[PDB]
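Text of work_7.cif (mmCIF, C-alpha atoms; chains and numbers go by the auth columns) as supplied:
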```cif
data_model
#
loop_
_atom_site.group_PDB
_atom_site.id
_atom_site.type_symbol
_atom_site.label_atom_id
_atom_site.label_comp_id
_atom_site.label_asym_id
_atom_site.label_seq_id
_atom_site.Cartn_x
_atom_site.Cartn_y
_atom_site.Cartn_z
_atom_site.B_iso_or_equiv
_atom_site.auth_seq_id
_atom_site.auth_asym_id
ATOM 1 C CA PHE A 1 2.311 7.120 15.564 0.00 377 Q
ATOM 2 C CA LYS A 2 1.825 7.901 11.863 0.00 378 Q
ATOM 3 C CA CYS A 3 0.396 5.470 9.308 0.00 379 Q
ATOM 4 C CA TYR A 4 1.353 6.767 5.865 0.00 380 Q
ATOM 5 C CA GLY A 5 -0.239 4.582 3.195 0.00 381 Q
ATOM 6 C CA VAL A 6 -3.249 3.514 5.273 0.00 382 Q
ATOM 7 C CA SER A 7 -5.409 4.891 8.055 0.00 383 Q
ATOM 8 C CA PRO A 8 -5.145 3.716 11.680 0.00 384 Q
ATOM 9 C CA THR A 9 -8.929 3.280 11.807 0.00 385 Q
ATOM 10 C CA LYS A 10 -8.885 1.022 8.723 0.00 386 Q
ATOM 11 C CA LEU A 11 -6.195 -1.336 10.104 0.00 387 Q
ATOM 12 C CA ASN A 12 -8.792 -3.801 11.458 0.00 388 Q
ATOM 13 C CA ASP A 13 -10.586 -4.482 8.157 0.00 389 Q
ATOM 14 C CA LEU A 14 -7.853 -5.684 5.774 0.00 390 Q
ATOM 15 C CA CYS A 15 -5.585 -8.620 4.917 0.00 391 Q
ATOM 16 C CA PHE A 16 -1.913 -7.824 4.407 0.00 392 Q
ATOM 17 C CA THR A 17 -0.194 -11.066 3.111 0.00 393 Q
ATOM 18 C CA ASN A 18 2.887 -10.364 5.343 0.00 394 Q
ATOM 19 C CA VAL A 19 3.836 -8.101 8.276 0.00 395 Q
ATOM 20 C CA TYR A 20 7.423 -7.140 9.065 0.00 396 Q
ATOM 21 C CA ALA A 21 8.568 -5.418 12.242 0.00 397 Q
ATOM 22 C CA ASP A 22 11.783 -3.541 12.997 0.00 398 Q
ATOM 23 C CA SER A 23 13.537 -2.602 16.237 0.00 399 Q
ATOM 24 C CA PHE A 24 16.443 -0.249 16.952 0.00 400 Q
ATOM 25 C CA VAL A 25 17.605 2.394 19.430 0.00 401 Q
ATOM 26 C CA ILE A 26 17.233 6.023 18.404 0.00 402 Q
ATOM 27 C CA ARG A 27 17.803 8.974 20.736 0.00 403 Q
ATOM 28 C CA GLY A 28 14.157 10.099 20.674 0.00 404 Q
ATOM 29 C CA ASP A 29 14.933 13.384 18.907 0.00 405 Q
ATOM 30 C CA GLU A 30 15.944 11.718 15.611 0.00 406 Q
ATOM 31 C CA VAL A 31 12.481 10.188 15.058 0.00 407 Q
ATOM 32 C CA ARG A 32 11.911 12.680 12.230 0.00 408 Q
ATOM 33 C CA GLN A 33 14.187 10.762 9.849 0.00 409 Q
ATOM 34 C CA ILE A 34 12.061 7.575 9.739 0.00 410 Q
ATOM 35 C CA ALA A 35 9.635 9.142 7.265 0.00 411 Q
ATOM 36 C CA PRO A 36 9.500 8.612 3.478 0.00 412 Q
ATOM 37 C CA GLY A 37 11.804 11.012 1.665 0.00 413 Q
ATOM 38 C CA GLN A 38 14.148 12.251 4.391 0.00 414 Q
ATOM 39 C CA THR A 39 17.825 13.048 4.879 0.00 415 Q
ATOM 40 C CA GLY A 40 20.130 12.900 7.894 0.00 416 Q
ATOM 41 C CA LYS A 41 22.719 10.532 9.286 0.00 417 Q
ATOM 42 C CA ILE A 42 20.158 7.789 9.952 0.00 418 Q
ATOM 43 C CA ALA A 43 18.232 8.080 6.669 0.00 419 Q
ATOM 44 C CA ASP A 44 21.400 8.049 4.521 0.00 420 Q
ATOM 45 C CA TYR A 45 23.852 5.628 6.151 0.00 421 Q
ATOM 46 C CA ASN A 46 21.802 3.435 8.517 0.00 422 Q
ATOM 47 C CA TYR A 47 18.116 2.851 7.709 0.00 423 Q
ATOM 48 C CA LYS A 48 16.453 4.002 4.480 0.00 424 Q
ATOM 49 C CA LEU A 49 12.710 3.767 3.897 0.00 425 Q
ATOM 50 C CA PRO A 50 11.527 3.779 0.261 0.00 426 Q
ATOM 51 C CA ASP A 51 9.670 6.685 -1.287 0.00 427 Q
ATOM 52 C CA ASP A 52 6.505 4.517 -1.519 0.00 428 Q
ATOM 53 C CA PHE A 53 5.949 3.109 1.974 0.00 429 Q
ATOM 54 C CA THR A 54 2.890 1.217 3.233 0.00 430 Q
ATOM 55 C CA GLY A 55 2.930 0.833 6.998 0.00 431 Q
ATOM 56 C CA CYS A 56 3.029 2.537 10.371 0.00 432 Q
ATOM 57 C CA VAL A 57 5.860 4.033 12.435 0.00 433 Q
ATOM 58 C CA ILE A 58 5.428 3.288 16.148 0.00 434 Q
ATOM 59 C CA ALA A 59 7.768 5.021 18.606 0.00 435 Q
ATOM 60 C CA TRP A 60 7.259 5.381 22.354 0.00 436 Q
ATOM 61 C CA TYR A 61 24.229 2.008 21.035 0.00 451 Q
ATOM 62 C CA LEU A 62 26.588 2.481 18.101 0.00 452 Q
ATOM 63 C CA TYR A 63 25.686 4.472 14.993 0.00 453 Q
ATOM 64 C CA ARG A 64 27.651 4.896 11.780 0.00 454 Q
ATOM 65 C CA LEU A 65 29.620 8.070 11.001 0.00 455 Q
ATOM 66 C CA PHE A 66 30.874 7.489 7.444 0.00 456 Q
ATOM 67 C CA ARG A 67 29.870 5.594 4.313 0.00 457 Q
ATOM 68 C CA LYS A 68 30.929 6.206 0.710 0.00 458 Q
ATOM 69 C CA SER A 69 27.349 6.204 -0.642 0.00 459 Q
ATOM 70 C CA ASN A 70 23.696 6.340 0.318 0.00 460 Q
ATOM 71 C CA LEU A 71 21.790 3.106 0.823 0.00 461 Q
ATOM 72 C CA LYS A 72 19.008 1.339 -1.046 0.00 462 Q
ATOM 73 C CA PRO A 73 15.558 0.967 0.560 0.00 463 Q
ATOM 74 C CA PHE A 74 15.644 -1.865 3.141 0.00 464 Q
ATOM 75 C CA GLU A 75 19.392 -2.476 3.037 0.00 465 Q
ATOM 76 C CA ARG A 76 21.593 -3.810 5.840 0.00 466 Q
ATOM 77 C CA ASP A 77 25.327 -3.324 6.360 0.00 467 Q
ATOM 78 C CA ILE A 78 27.334 -5.390 8.848 0.00 468 Q
ATOM 79 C CA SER A 79 30.797 -4.286 7.699 0.00 469 Q
ATOM 80 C CA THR A 80 33.369 -2.672 9.982 0.00 470 Q
ATOM 81 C CA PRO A 81 34.125 3.955 11.380 0.00 491 Q
ATOM 82 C CA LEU A 82 31.165 3.490 13.737 0.00 492 Q
ATOM 83 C CA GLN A 83 30.967 5.413 17.001 0.00 493 Q
ATOM 84 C CA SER A 84 28.257 6.107 19.581 0.00 494 Q
ATOM 85 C CA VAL A 85 10.786 2.389 17.901 0.00 510 Q
ATOM 86 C CA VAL A 86 8.897 -0.087 15.695 0.00 511 Q
ATOM 87 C CA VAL A 87 8.445 0.184 11.917 0.00 512 Q
ATOM 88 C CA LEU A 88 5.641 -2.014 10.589 0.00 513 Q
ATOM 89 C CA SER A 89 5.531 -2.628 6.840 0.00 514 Q
ATOM 90 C CA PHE A 90 2.747 -4.180 4.765 0.00 515 Q
ATOM 91 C CA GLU A 91 2.383 -5.323 1.160 0.00 516 Q
ATOM 92 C CA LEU A 92 -0.766 -4.912 -0.925 0.00 517 Q
ATOM 93 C CA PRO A 93 -3.311 -15.476 0.206 0.00 521 Q
ATOM 94 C CA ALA A 94 -4.277 -13.492 3.309 0.00 522 Q
ATOM 95 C CA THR A 95 -2.568 -15.421 6.154 0.00 523 Q
ATOM 96 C CA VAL A 96 -2.032 -12.382 8.469 0.00 524 Q
ATOM 97 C CA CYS A 97 -5.579 -11.106 8.131 0.00 525 Q
ATOM 98 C CA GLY A 98 -7.852 -9.388 10.625 0.00 526 Q
ATOM 99 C CA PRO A 99 -10.576 -10.100 13.209 0.00 527 Q
ATOM 100 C CA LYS A 100 -13.986 -10.195 11.472 0.00 528 Q
ATOM 101 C CA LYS A 101 -16.750 -12.692 12.201 0.00 529 Q
ATOM 102 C CA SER A 102 -17.918 -14.227 8.923 0.00 530 Q
ATOM 103 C CA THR A 103 -21.438 -14.938 7.668 0.00 531 Q
ATOM 104 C CA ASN A 104 -22.326 -17.826 5.360 0.00 532 Q
ATOM 105 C CA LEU A 105 -22.833 -17.573 1.606 0.00 533 Q
ATOM 106 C CA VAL A 106 -25.927 -16.264 -0.183 0.00 534 Q
ATOM 107 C CA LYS A 107 -26.420 -16.971 -3.890 0.00 535 Q
ATOM 108 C CA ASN A 108 -28.530 -15.210 -6.519 0.00 536 Q
ATOM 109 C CA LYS A 109 -28.882 -11.743 -4.953 0.00 537 Q
ATOM 110 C CA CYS A 110 -27.175 -8.400 -5.400 0.00 538 Q
ATOM 111 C CA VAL A 111 -25.144 -8.408 -2.179 0.00 539 Q
ATOM 112 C CA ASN A 112 -22.271 -6.510 -0.610 0.00 540 Q
ATOM 113 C CA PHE A 113 -19.349 -8.934 -0.396 0.00 541 Q
ATOM 114 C CA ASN A 114 -15.920 -8.787 1.263 0.00 542 Q
ATOM 115 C CA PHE A 115 -13.615 -11.609 0.126 0.00 543 Q
ATOM 116 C CA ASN A 116 -10.290 -11.215 1.999 0.00 544 Q
ATOM 117 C CA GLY A 117 -10.319 -7.413 1.719 0.00 545 Q
ATOM 118 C CA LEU A 118 -11.871 -6.754 -1.708 0.00 546 Q
ATOM 119 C CA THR A 119 -15.317 -5.153 -1.791 0.00 547 Q
ATOM 120 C CA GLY A 120 -17.983 -4.958 -4.458 0.00 548 Q
ATOM 121 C CA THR A 121 -21.618 -5.513 -5.357 0.00 549 Q
ATOM 122 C CA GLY A 122 -23.092 -8.258 -7.503 0.00 550 Q
ATOM 123 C CA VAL A 123 -24.771 -11.636 -7.856 0.00 551 Q
ATOM 124 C CA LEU A 124 -22.839 -14.784 -6.944 0.00 552 Q
ATOM 125 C CA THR A 125 -23.368 -18.016 -8.900 0.00 553 Q
ATOM 126 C CA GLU A 126 -21.528 -21.332 -9.363 0.00 554 Q
ATOM 127 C CA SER A 127 -18.752 -21.101 -11.937 0.00 555 Q
ATOM 128 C CA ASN A 128 -17.846 -23.412 -14.813 0.00 556 Q
ATOM 129 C CA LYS A 129 -14.310 -21.946 -14.958 0.00 557 Q
ATOM 130 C CA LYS A 130 -12.114 -24.826 -13.826 0.00 558 Q
ATOM 131 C CA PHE A 131 -9.066 -23.591 -11.950 0.00 559 Q
ATOM 132 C CA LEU A 132 -5.710 -25.102 -10.963 0.00 560 Q
ATOM 133 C CA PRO A 133 -4.390 -25.500 -7.367 0.00 561 Q
ATOM 134 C CA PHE A 134 -2.779 -22.009 -7.559 0.00 562 Q
ATOM 135 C CA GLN A 135 -5.505 -19.338 -7.612 0.00 563 Q
ATOM 136 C CA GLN A 136 -7.236 -16.808 -5.418 0.00 564 Q
ATOM 137 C CA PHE A 137 -9.411 -15.172 -8.111 0.00 565 Q
ATOM 138 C CA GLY A 138 -9.764 -14.704 -11.852 0.00 566 Q
ATOM 139 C CA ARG A 139 -10.058 -11.895 -14.384 0.00 567 Q
ATOM 140 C CA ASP A 140 -11.417 -11.220 -17.860 0.00 568 Q
ATOM 141 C CA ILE A 141 -10.627 -9.547 -21.185 0.00 569 Q
ATOM 142 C CA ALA A 142 -10.984 -6.015 -19.784 0.00 570 Q
ATOM 143 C CA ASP A 143 -8.992 -6.700 -16.553 0.00 571 Q
ATOM 144 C CA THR A 144 -11.733 -6.836 -13.914 0.00 572 Q
ATOM 145 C CA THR A 145 -12.565 -9.539 -11.387 0.00 573 Q
ATOM 146 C CA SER B 1 -4.199 3.611 -15.031 0.00 968 W
ATOM 147 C CA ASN B 2 -3.404 5.114 -11.638 0.00 969 W
ATOM 148 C CA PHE B 3 -2.620 8.646 -12.977 0.00 970 W
ATOM 149 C CA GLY B 4 -0.182 9.185 -10.109 0.00 971 W
ATOM 150 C CA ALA B 5 -2.494 7.924 -7.354 0.00 972 W
ATOM 151 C CA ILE B 6 -2.019 4.849 -5.162 0.00 973 W
ATOM 152 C CA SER B 7 -4.398 2.556 -7.077 0.00 974 W
ATOM 153 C CA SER B 8 -6.651 2.314 -10.111 0.00 975 W
ATOM 154 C CA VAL B 9 -9.444 0.687 -8.066 0.00 976 W
ATOM 155 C CA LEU B 10 -11.631 3.174 -6.210 0.00 977 W
ATOM 156 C CA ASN B 11 -12.942 0.766 -3.558 0.00 978 W
ATOM 157 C CA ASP B 12 -9.394 -0.023 -2.428 0.00 979 W
ATOM 158 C CA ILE B 13 -8.722 3.682 -1.818 0.00 980 W
ATOM 159 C CA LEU B 14 -12.069 4.015 -0.017 0.00 981 W
ATOM 160 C CA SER B 15 -11.239 0.999 2.175 0.00 982 W
ATOM 161 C CA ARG B 16 -7.610 1.920 2.903 0.00 983 W
ATOM 162 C CA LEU B 17 -7.874 5.669 3.563 0.00 984 W
ATOM 163 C CA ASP B 18 -9.821 8.070 5.715 0.00 985 W
ATOM 164 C CA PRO B 19 -11.908 10.512 3.574 0.00 986 W
ATOM 165 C CA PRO B 20 -9.747 13.694 3.968 0.00 987 W
ATOM 166 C CA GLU B 21 -6.735 11.753 2.657 0.00 988 W
ATOM 167 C CA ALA B 22 -8.783 9.878 0.042 0.00 989 W
ATOM 168 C CA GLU B 23 -9.862 13.245 -1.440 0.00 990 W
ATOM 169 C CA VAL B 24 -6.528 13.961 -3.135 0.00 991 W
ATOM 170 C CA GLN B 25 -6.417 10.496 -4.751 0.00 992 W
ATOM 171 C CA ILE B 26 -10.015 10.471 -5.984 0.00 993 W
ATOM 172 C CA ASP B 27 -9.372 13.917 -7.521 0.00 994 W
ATOM 173 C CA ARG B 28 -6.497 12.537 -9.624 0.00 995 W
ATOM 174 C CA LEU B 29 -8.603 9.598 -10.815 0.00 996 W
ATOM 175 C CA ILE B 30 -11.495 11.935 -11.724 0.00 997 W
ATOM 176 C CA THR B 31 -9.147 14.257 -13.647 0.00 998 W
ATOM 177 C CA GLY B 32 -7.630 11.415 -15.676 0.00 999 W
ATOM 178 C CA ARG B 33 -10.974 9.829 -16.516 0.00 1000 W
ATOM 179 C CA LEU B 34 -12.454 13.194 -17.562 0.00 1001 W
ATOM 180 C CA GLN B 35 -9.457 13.708 -19.861 0.00 1002 W
ATOM 181 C CA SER B 36 -10.041 10.266 -21.418 0.00 1003 W
ATOM 182 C CA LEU B 37 -13.780 10.900 -21.930 0.00 1004 W
ATOM 183 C CA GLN B 38 -13.194 14.317 -23.509 0.00 1005 W
ATOM 184 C CA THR B 39 -10.595 12.907 -25.928 0.00 1006 W
ATOM 185 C CA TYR B 40 -12.998 10.114 -26.944 0.00 1007 W
ATOM 186 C CA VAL B 41 -15.946 12.478 -27.507 0.00 1008 W
ATOM 187 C CA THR B 42 -13.872 14.934 -29.581 0.00 1009 W
ATOM 188 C CA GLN B 43 -12.567 12.196 -31.879 0.00 1010 W
ATOM 189 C CA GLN B 44 -16.086 10.748 -32.229 0.00 1011 W
ATOM 190 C CA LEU B 45 -17.348 14.172 -33.361 0.00 1012 W
ATOM 191 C CA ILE B 46 -14.547 14.514 -35.923 0.00 1013 W
ATOM 192 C CA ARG B 47 -15.159 10.951 -37.162 0.00 1014 W
ATOM 193 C CA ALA B 48 -18.923 11.538 -37.538 0.00 1015 W
ATOM 194 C CA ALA B 49 -18.205 14.688 -39.573 0.00 1016 W
#
```

Could you take the file, read its structure, and then write that structure out as structure tokens?
Amino acid sequence: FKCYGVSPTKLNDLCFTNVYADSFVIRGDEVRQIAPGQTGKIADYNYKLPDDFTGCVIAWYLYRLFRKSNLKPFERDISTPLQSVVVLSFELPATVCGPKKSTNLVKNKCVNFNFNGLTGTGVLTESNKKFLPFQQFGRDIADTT
Amino acid sequence: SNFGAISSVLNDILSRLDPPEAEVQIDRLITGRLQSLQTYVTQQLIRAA
């Protein structure tokens, strides 16, 4: 169990917008090659993780022998040569978010707020900025929320 | 600017990482922002001259 981009403690406090999950048979001794930036017969011809991976590798029967090139990150190949463990991936609308009990709004005070996984400190008011039906937040001239 | 870290927002690093792994990201952000401040102060001195 090794969460690369995030911490396993912090997994219960965030919103991830999508969660994928992968499943395959490995021998149990080739679980080294499911890390970012690896080589081997699995990490070159079968299943290639990118060099910037956000997720967790959870591990508790034909495999390919030859291919003319190395793969792209998250590439499949069902062509016909070939002769004879969960990978979660995140991306940082919540929609797959976590188990926190909310507490109702408080205006006109410096408060600690957590809106779908973004933290801060400030005073909440009612805004004149009319939006459209496609927004989650807004920004400014200097690129801050 | 991320300066080679995972994010340009400090609260996102502090909410996504444990502290002994957040250290090496906060160090990169501190180094880049010190470089920016020192460049600004040097050019302000030369412009006031």

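With only C-alpha atoms as the basis for measurement, W:982 is the residue among W:998, W:1005, W:982, W:968 that approaches chain Q most closely.
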
Convert the output of the PyMOL selection byres ((chain W) within 12 of (chain Q)) on the shown file into explicit residues, formatted as a PDB file with C-alpha atoms, keeping the file's coordinate frame.
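Result written to result.pdb:
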```
ATOM      1  CA  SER W 968      -4.199   3.611 -15.031  1.00  0.00           C
ATOM      2  CA  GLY W 971      -0.182   9.185 -10.109  1.00  0.00           C
ATOM      3  CA  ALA W 972      -2.494   7.924  -7.354  1.00  0.00           C
ATOM      4  CA  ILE W 973      -2.019   4.849  -5.162  1.00  0.00           C
ATOM      5  CA  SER W 974      -4.398   2.556  -7.077  1.00  0.00           C
ATOM      6  CA  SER W 975      -6.651   2.314 -10.111  1.00  0.00           C
ATOM      7  CA  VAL W 976      -9.444   0.687  -8.066  1.00  0.00           C
ATOM      8  CA  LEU W 977     -11.631   3.174  -6.210  1.00  0.00           C
ATOM      9  CA  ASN W 978     -12.942   0.766  -3.558  1.00  0.00           C
ATOM     10  CA  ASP W 979      -9.394  -0.023  -2.428  1.00  0.00           C
ATOM     11  CA  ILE W 980      -8.722   3.682  -1.818  1.00  0.00           C
ATOM     12  CA  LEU W 981     -12.069   4.015  -0.017  1.00  0.00           C
ATOM     13  CA  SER W 982     -11.239   0.999   2.175  1.00  0.00           C
ATOM     14  CA  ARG W 983      -7.610   1.920   2.903  1.00  0.00           C
ATOM     15  CA  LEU W 984      -7.874   5.669   3.563  1.00  0.00           C
ATOM     16  CA  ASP W 985      -9.821   8.070   5.715  1.00  0.00           C
ATOM     17  CA  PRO W 986     -11.908  10.512   3.574  1.00  0.00           C
ATOM     18  CA  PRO W 987      -9.747  13.694   3.968  1.00  0.00           C
ATOM     19  CA  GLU W 988      -6.735  11.753   2.657  1.00  0.00           C
ATOM     20  CA  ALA W 989      -8.783   9.878   0.042  1.00  0.00           C
ATOM     21  CA  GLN W 992      -6.417  10.496  -4.751  1.00  0.00           C
TER      22      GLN W 992
END
```

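The coordinates place CA of residue 416 in chain Q at 17.1 Å from CA of residue 467 in chain Q.
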
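If you look at CA of residue 410 in chain Q and CA of residue 424 in chain Q, they are 7.7 Å away from each other.
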
### Task
Can you give me, as a ChimeraX atom specification, the residues this file yields under the PyMOL selection byres ((chain Q and resi 406) around 10)?
/Q:402-405,407-410,416-419

What would the file look like if the residues just selected were written as a PDB file, in the frame of the given file with C-alpha atoms?
```
ATOM      1  CA  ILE Q 402      17.233   6.023  18.404  1.00  0.00           C
ATOM      2  CA  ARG Q 403      17.803   8.974  20.736  1.00  0.00           C
ATOM      3  CA  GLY Q 404      14.157  10.099  20.674  1.00  0.00           C
ATOM      4  CA  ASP Q 405      14.933  13.384  18.907  1.00  0.00           C
ATOM      5  CA  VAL Q 407      12.481  10.188  15.058  1.00  0.00           C
ATOM      6  CA  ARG Q 408      11.911  12.680  12.230  1.00  0.00           C
ATOM      7  CA  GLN Q 409      14.187  10.762   9.849  1.00  0.00           C
ATOM      8  CA  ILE Q 410      12.061   7.575   9.739  1.00  0.00           C
ATOM      9  CA  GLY Q 416      20.130  12.900   7.894  1.00  0.00           C
ATOM     10  CA  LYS Q 417      22.719  10.532   9.286  1.00  0.00           C
ATOM     11  CA  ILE Q 418      20.158   7.789   9.952  1.00  0.00           C
ATOM     12  CA  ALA Q 419      18.232   8.080   6.669  1.00  0.00           C
TER      13      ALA Q 419
END
```

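Among the candidates Q:561, Q:521, Q:491, Q:566, the one nearest to residue 544 in chain Q when counting all atoms listed in the file is Q:521.
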
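Rounded to one decimal, CA of residue 999 in chain W and CA of residue 1013 in chain W lie 21.6 Å from each other.
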
### Task
Name the residues in contact with range 549-551 of chain Q at a cut-off of 7 Å, using all atoms listed in the file, excluding same-chain residues fewer than 2 positions from it; report them as JSON, numbers by chain.
{"Q": [535, 536, 537, 538, 539, 540, 541, 553]}

Would you put the residues from that selection into a file with C-alpha atoms, as a CSV table (one decimal), keeping the file's coordinate frame?
```csv
chain,number,residue,atom,x,y,z
Q,535,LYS,CA,-26.4,-17.0,-3.9
Q,536,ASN,CA,-28.5,-15.2,-6.5
Q,537,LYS,CA,-28.9,-11.7,-5.0
Q,538,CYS,CA,-27.2,-8.4,-5.4
Q,539,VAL,CA,-25.1,-8.4,-2.2
Q,540,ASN,CA,-22.3,-6.5,-0.6
Q,541,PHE,CA,-19.3,-8.9,-0.4
Q,553,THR,CA,-23.4,-18.0,-8.9
```

Give the padded box for range 978-993 of chain W as lines of an AutoDock Vina configuration file: axis-aligned, covering all atoms listed in the file, 5 Å on each side, centre and edge lengths in Å to one decimal.
```
center_x = -9.7
center_y = 7.0
center_z = -0.1
size_x = 16.5
size_y = 24.0
size_z = 21.7
```

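Minimum atom-to-atom distances from Q:436, Q:396, Q:425, Q:552 to residue 533 in chain Q were compared using all atoms listed in the file, and the lowest value belongs to Q:552.
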
Would you translate the PyMOL selection byres ((chain Q and resi 470) around 12) into the concrete set of residues it matches in this file, as an mmCIF file with C-alpha atoms, keeping the file's coordinate frame?
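Dumped everything to expr.cif:
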```
data_model
loop_
_atom_site.group_PDB
_atom_site.id
_atom_site.type_symbol
_atom_site.label_atom_id
_atom_site.label_comp_id
_atom_site.auth_asym_id
_atom_site.auth_seq_id
_atom_site.Cartn_x
_atom_site.Cartn_y
_atom_site.Cartn_z
ATOM 1 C CA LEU Q 452 26.588 2.481 18.101
ATOM 2 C CA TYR Q 453 25.686 4.472 14.993
ATOM 3 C CA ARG Q 454 27.651 4.896 11.780
ATOM 4 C CA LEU Q 455 29.620 8.070 11.001
ATOM 5 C CA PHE Q 456 30.874 7.489 7.444
ATOM 6 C CA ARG Q 457 29.870 5.594 4.313
ATOM 7 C CA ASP Q 467 25.327 -3.324 6.360
ATOM 8 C CA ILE Q 468 27.334 -5.390 8.848
ATOM 9 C CA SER Q 469 30.797 -4.286 7.699
ATOM 10 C CA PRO Q 491 34.125 3.955 11.380
ATOM 11 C CA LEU Q 492 31.165 3.490 13.737
ATOM 12 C CA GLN Q 493 30.967 5.413 17.001
#
```

Since the input has fewer atoms than a full residue there, write range 514-538 of chain Q out with N, CA and C atoms, as an mmCIF file, keeping the file's coordinate frame.
```
data_model
loop_
_atom_site.group_PDB
_atom_site.id
_atom_site.type_symbol
_atom_site.label_atom_id
_atom_site.label_comp_id
_atom_site.auth_asym_id
_atom_site.auth_seq_id
_atom_site.Cartn_x
_atom_site.Cartn_y
_atom_site.Cartn_z
ATOM 1 N N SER Q 514 5.605 -2.776 8.287
ATOM 2 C CA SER Q 514 5.531 -2.628 6.840
ATOM 3 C C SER Q 514 4.631 -3.709 6.271
ATOM 4 N N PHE Q 515 3.751 -3.314 5.364
ATOM 5 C CA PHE Q 515 2.747 -4.180 4.765
ATOM 6 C C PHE Q 515 3.087 -4.394 3.294
ATOM 7 N N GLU Q 516 2.255 -5.174 2.608
ATOM 8 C CA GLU Q 516 2.383 -5.323 1.160
ATOM 9 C C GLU Q 516 1.017 -5.627 0.571
ATOM 10 N N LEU Q 517 0.540 -4.746 -0.301
ATOM 11 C CA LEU Q 517 -0.766 -4.912 -0.925
ATOM 12 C C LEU Q 517 -0.672 -4.813 -2.444
ATOM 13 N N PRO Q 521 -3.441 -14.815 -1.097
ATOM 14 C CA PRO Q 521 -3.311 -15.476 0.206
ATOM 15 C C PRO Q 521 -3.251 -14.458 1.341
ATOM 16 N N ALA Q 522 -4.181 -14.537 2.291
ATOM 17 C CA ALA Q 522 -4.277 -13.492 3.309
ATOM 18 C C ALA Q 522 -3.285 -13.711 4.448
ATOM 19 N N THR Q 523 -3.509 -14.758 5.247
ATOM 20 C CA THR Q 523 -2.568 -15.421 6.154
ATOM 21 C C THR Q 523 -2.155 -14.572 7.369
ATOM 22 N N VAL Q 524 -2.334 -13.245 7.326
ATOM 23 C CA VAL Q 524 -2.032 -12.382 8.469
ATOM 24 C C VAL Q 524 -3.264 -11.497 8.665
ATOM 25 N N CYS Q 525 -4.437 -11.996 8.283
ATOM 26 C CA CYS Q 525 -5.579 -11.106 8.131
ATOM 27 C C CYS Q 525 -6.244 -10.815 9.481
ATOM 28 N N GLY Q 526 -7.323 -10.030 9.442
ATOM 29 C CA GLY Q 526 -7.852 -9.388 10.625
ATOM 30 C C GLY Q 526 -9.064 -10.043 11.271
ATOM 31 N N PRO Q 527 -9.513 -9.470 12.406
ATOM 32 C CA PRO Q 527 -10.576 -10.100 13.209
ATOM 33 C C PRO Q 527 -12.008 -9.734 12.827
ATOM 34 N N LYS Q 528 -12.575 -10.369 11.804
ATOM 35 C CA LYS Q 528 -13.986 -10.195 11.472
ATOM 36 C C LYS Q 528 -14.717 -11.526 11.550
ATOM 37 N N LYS Q 529 -15.888 -11.517 12.184
ATOM 38 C CA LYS Q 529 -16.750 -12.692 12.201
ATOM 39 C C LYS Q 529 -17.452 -12.822 10.855
ATOM 40 N N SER Q 530 -17.361 -14.002 10.247
ATOM 41 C CA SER Q 530 -17.918 -14.227 8.923
ATOM 42 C C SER Q 530 -19.426 -14.453 8.993
ATOM 43 N N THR Q 531 -20.031 -14.594 7.814
ATOM 44 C CA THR Q 531 -21.438 -14.938 7.668
ATOM 45 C C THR Q 531 -21.566 -15.723 6.371
ATOM 46 N N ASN Q 532 -22.333 -16.813 6.411
ATOM 47 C CA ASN Q 532 -22.326 -17.826 5.360
ATOM 48 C C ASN Q 532 -22.902 -17.303 4.041
ATOM 49 N N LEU Q 533 -22.625 -18.047 2.970
ATOM 50 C CA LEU Q 533 -22.833 -17.573 1.606
ATOM 51 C C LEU Q 533 -24.311 -17.435 1.260
ATOM 52 N N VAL Q 534 -24.591 -16.512 0.344
ATOM 53 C CA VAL Q 534 -25.927 -16.264 -0.183
ATOM 54 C C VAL Q 534 -25.828 -16.089 -1.696
ATOM 55 N N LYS Q 535 -26.438 -17.007 -2.437
ATOM 56 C CA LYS Q 535 -26.420 -16.971 -3.890
ATOM 57 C C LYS Q 535 -27.577 -16.130 -4.413
ATOM 58 N N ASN Q 536 -27.436 -15.702 -5.672
ATOM 59 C CA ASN Q 536 -28.530 -15.210 -6.519
ATOM 60 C C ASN Q 536 -29.193 -13.940 -5.983
ATOM 61 N N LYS Q 537 -28.415 -13.064 -5.352
ATOM 62 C CA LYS Q 537 -28.882 -11.743 -4.953
ATOM 63 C C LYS Q 537 -27.756 -10.741 -5.151
ATOM 64 N N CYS Q 538 -28.123 -9.506 -5.490
ATOM 65 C CA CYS Q 538 -27.175 -8.400 -5.400
ATOM 66 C C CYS Q 538 -26.836 -8.179 -3.934
#
```
